[PDB]
There are 2 protein chains.
Amino acid sequence: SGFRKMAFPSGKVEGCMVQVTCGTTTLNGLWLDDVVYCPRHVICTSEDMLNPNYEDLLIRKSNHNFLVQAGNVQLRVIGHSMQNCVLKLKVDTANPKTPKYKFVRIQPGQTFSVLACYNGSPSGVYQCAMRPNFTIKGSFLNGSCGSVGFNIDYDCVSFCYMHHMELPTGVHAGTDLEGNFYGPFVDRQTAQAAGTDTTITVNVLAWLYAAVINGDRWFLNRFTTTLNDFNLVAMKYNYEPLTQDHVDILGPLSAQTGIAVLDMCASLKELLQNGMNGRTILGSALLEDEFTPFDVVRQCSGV
Amino acid sequence: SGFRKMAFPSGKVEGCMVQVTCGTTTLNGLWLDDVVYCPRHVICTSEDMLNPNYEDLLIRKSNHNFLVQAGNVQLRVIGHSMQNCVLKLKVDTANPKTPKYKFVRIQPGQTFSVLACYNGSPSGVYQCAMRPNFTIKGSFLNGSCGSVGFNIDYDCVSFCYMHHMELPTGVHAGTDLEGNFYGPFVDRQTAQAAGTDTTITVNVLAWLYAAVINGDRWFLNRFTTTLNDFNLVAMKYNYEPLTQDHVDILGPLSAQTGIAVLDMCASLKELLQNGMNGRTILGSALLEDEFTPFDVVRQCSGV
Ligand SMILES: *C(=N)[C@H](C[C@@H]1CCNC1=O)NC(=O)[C@H](CC(C)C)NC(=O)c1ccc(-c2cncc(Cl)c2)cc1
């Protein structure tokens with residue numbers, strides 16, 4: 001038993017992190033087979049980033065402007081191209097530690113693990129969720145660009161995020177491994193705001209099930225609610241609506257606890273309208289929305 | 001920016017996790033050089049764990065009763081011994097993935113990363129704190145024993161925890177890598193209760209320094225206090241007293257903010273006596289006590 005924010009073991013991704021240098025600027029790159037992937041704003045000077053014409057800057061570089069280091073071994077760049085906001089560097093040796101991998105684009109509300117790196121060296125790993133406004137509340141400092149997010153399915157790594165920038169509110173924005181940003185952001189050095197964020201309702205309910213599996217039940221009630229009447233209150237409180245697909249995905253947790261999904265919705269509806277009265281749920285003073293139903297089942301199956 | 005519970009990258013430890021089986025009982029082991037470390041109750045049947053005599057059970061075992069597997073690859077046991085509650089198995093292969101490492105016994109309040117493993121397979125990694133009552137609020141299921149806790153300085157892994165037990169209240173108990181339990185627990189399948197827990201004062205202080213560093217400093221006063229007076233008052237509120245070493249590890253944060261340790265103590269003492277008054281500190285209404293001064297330094301500086 002117990003419930004903790006848990007990330008996937010980072011070892012398979014650690015063996016792929018490298019350092020990429022162009023002139024004065026350095027960031028992290030992902031070395032899979034004989035290709036290194038990194039954010040394209042590595043080819044920018046401090047002045048270029050204000051309003052960069054990337055295709056211009058790229059055509060003015062050659063292979064020898066790129067210094068790639070794996071540990072203390074420099075890799076020779078023999079090719080380069082640009083796919084959206086991601087620069088791809090072909091090297092002359094394949095990574096012997098390349099795992100089975102795929103590039104995926106995740107949906108809002110889904111979670112992934114982030115391996116925060118600096119100068120190609122892993123610093124830490126933590127679990128994130130893609131917000132409905134397509135930001136992530138990560139922990140990134142200068143030089144963390146090129147850090148990747150991922151999930152692991154069996155022994156296959158699904159890369160879903162590469163970090164590019166921070167927003168004035170302190171949240172973070174990035175791309176998939178095809179170089180396409182999540183959300184309406186661009187890799188400029190300009191202040192950019194996201195849309196108003198909402199709470200991931202299906203995740204909150206999954207976390208309420210986790211709280212009950214671990215013995216916390218003070219918030220349960222005996223009101224009932226229809227799916228529509230719950231969604232009416234949810235949207236009023238800036239919560240994402242619950243789909244029937246969301247209801248079905250909560251099924252296993254409903255079966256384990258004997259609490260129908262709509263009864264858990266009634267409990268949550270009361271929490272939104274009443275508050276927590278200074279009480280806590282799994283040691284939290286706030287309703288937590290960065291655990292998916294999959295994340296809860298994986299941790300609580302077998303009570 | 002951003003503030004999160006962060007685990008160390010687990011790659012160095014993943015390469016040391018193996019599977020140890022005796023009869024039908026399988027748990028996890030730690031493979032460093034040519035020795036495998038695991039909980040000694042692997043030599044127990046389910047009925048044995050009620051009232052085990054461990055050397056009576058151990059002397060009835062020889063090297064060929066132990067199945068050690070790294071993946072599907074078996075490591076032949078060429079020697080065995082018992083050190084406290086940890087079984088050591090000498091194998092005929094030195095782990096080529098052995099990192100630079102160290103065995104340490106941590107103090108209450110110190111944090112570490114846990115690599116949760118099942119059948120020798122890492123499943124997740126999360127951050128933990130040793131509570132004052134010598135339990136950890138972790139997340140463990142059946143077959144998780146032998147999972148280890150660790151810190152990483154430079155490239156040196158400091159192993160500090162190996163998992164043994166779950167208590168009725170859902171918290172967990174284990175030993176250091178020399179087999180000595182943290183707290184007054186024993187590896188027997190009997191009812192054992194953890195003591196009443198307390199708040200880790202040095203970690204709350206570090207978190208107050210983190211708030212000040214980020215411009216959130218309404219809670220500072222002009223009062224000062226003695227170390228003795230603060231400790232006597234803090235125990236009245238279920239807070240741990242500060243040690244000599246606690247003051248010493250708050251030094252860097254004290255120097256960075258220019259706020260003396262005893263002045264921050266006087267600031268926390270008001271917060272305990274007067275409450276929080278519906279105000280916030282780093283976005284929270286709760287004081288956080290599972291971030292050490294090192295966790296704060298390393299996450300507002302990068303590593
Ligand atoms: C990558 N190494 C780096 C990582 C971020 C820096 C600190 N935290 C991060 O997550 N990425 C960047 O520095 C990018 C580079 C662009 C995409 C070419 N820039 C920003 O993240 C950024 C842009 C603009 C502002 C800003 C501007 N005016 C006012 C304010 Cl309040 C903020 C901040 C950051």
Side-chain angles (χ1 to χ4, degrees), chain A residues 1-15 17 97 113-119 121-128 136-144 152 155 166-172 210 213-216 276 278 280 282-286 295 298-303, chain B residues 1-17 97 113-117 121-128 135-144 152 154-155 166-172 214 276 278 280 283-290 295 298-303:
Chain A
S1 87
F3 202 73
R4 279 262 177 195
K5 197 46 137 303
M6 192 156 344
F8 283 105
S10 60
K12 293 175 150 78
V13 179
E14 289 168 49
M17 291 328 281
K97 288 138 135 183
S113 301
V114 167
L115 177 61
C117 303
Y118 299 92
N119 301 289
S121 283
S123 160
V125 53
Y126 53 86
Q127 189 77 178
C128 278
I136 67 171
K137 330 199 172 205
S139 173
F140 295 115
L141 300 191
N142 283 8
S144 63
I152 297 195
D155 267 19
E166 194 173 61
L167 304 194
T169 63
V171 300
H172 302 100
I213 289 172
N214 283 267
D216 254 327
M276 315 227 318
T280 61
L282 296 166
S284 175
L286 306 171
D295 300 339
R298 173 161 173 101
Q299 214 172 134
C300 305
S301 100
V303 313
Chain B
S1 91
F3 250 113
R4 271 163 158 295
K5 260 146 161 75
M6 203 162 296
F8 287 104
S10 61
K12 296 189 155 62
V13 179
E14 288 170 60
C16 304
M17 296 316 301
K97 298 177 169 157
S113 300
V114 171
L115 181 67
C117 294
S121 283
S123 92
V125 62
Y126 57 90
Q127 183 257 12
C128 260
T135 65
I136 69 171
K137 308 166 324 164
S139 178
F140 290 116
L141 304 173
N142 280 1
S144 63
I152 308 187
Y154 277 105
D155 56 338
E166 209 187 83
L167 300 190
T169 81
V171 307
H172 306 96
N214 281 74
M276 277 276 252
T280 200
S284 177
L286 284 182
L287 297 177
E288 171 71 40
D289 83 336
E290 291 205 348
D295 302 338
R298 109 167 156 98
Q299 206 176 130
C300 315
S301 287
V303 313

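Every heavy atom of this structure was used, including side-chain atoms; hydrogens, water molecules and symmetry mates were not. In what follows, every chain begins at residue 1, and chains take the letters A, B, ... in the order their sequences are listed.
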Open item on the list: What part of B/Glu290 gets within 4.5 angstrom of chain A, counting heavy atoms only: side chain, backbone, both, or neither?
Closed with: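 Contact with chain A involves the side chain of B/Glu290 alone.
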TODO: Check whether B/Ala7 gets within reach of chain A through its side chain, its backbone, both or neither, counting any heavy atom under 4.5 Å.
DONE: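 Looking at B/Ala7, backbone and side chain both touch chain A.
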Contact origin within [X] toward chain B - heavy atom pairs under 4.5 Å:
X	value
A/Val114	neither
A/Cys128	both
A/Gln299	both

Open item on the list: Heavy-atom pairs under 4.5 Å with chain B - which of A/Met6, A/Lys12, A/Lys137 has more of them than the others?
Closed with: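 Most heavy-atom pairs under 4.5 Å with chain B: A/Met6.
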Task: Interface residue of largest heavy-atom contact number with chain B, from A/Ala116, A/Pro9, A/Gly2, A/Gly11, under 4.5 Å - done: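 The residue among A/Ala116, A/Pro9, A/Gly2, A/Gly11 with the greatest pair count is A/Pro9.
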- [ ] Using a cut-off of under 4.5 Å on heavy-atom pairs, state which of B/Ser139, B/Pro122, B/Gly15, B/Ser121 scores highest against chain A.
- [x]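 Greatest number of close heavy-atom pairs with chain A: B/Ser139.
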Task: Residue, of B/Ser123, B/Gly302, B/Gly170, that accumulates the most heavy atom pairs under 4.5 Å with chain A - done: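 The residue among B/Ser123, B/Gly302, B/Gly170 with the greatest pair count is B/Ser123.
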- [ ] Would you confirm whether A/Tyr118, through its side chain, and A/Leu141, through its main-chain N or O, come within 3.5 Å as a donor-acceptor pair?
- [x]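 Yes.
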Task: Backbone of B/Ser284 reached by a side-chain donor or acceptor of B/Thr280 within 3.5 Å - done: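 Present.
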Open item on the list: Would you say that more than 12 heavy atoms from the other residues, nucleotides or ligands in this model lie under 6.0 Å from the CG of B/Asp155, or not?
Closed with: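 More than 12 within 6.0 Å, yes.
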Open item on the list: Measuring from atom CZ of A/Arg4 to atom CD1 of B/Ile136, what distance do you get when rounded to the nearest 0.5 angstrom?
Closed with: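 Here the rounded value is 8.0 Å.
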Open item on the list: Return the CG to OG distance between B/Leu115 and B/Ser10, rounded to the nearest 0.5 Å.
Closed with: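 That separation rounds to 5.5 Å.
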Task: Residues in ring pair (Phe, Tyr, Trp, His ring centres under 6.0 Å) contact with A/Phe8, at least two apart in sequence or another chain - done: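 A/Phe8: no ring pair (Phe, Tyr, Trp, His ring centres under 6.0 Å) contacts found.
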- [ ] Consider only side-chain N and O atoms of A/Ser113 and A/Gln127, and report whether a donor and an acceptor are under 3.5 Å apart.
- [x]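 Judged by distance alone, the side chains do pair up.
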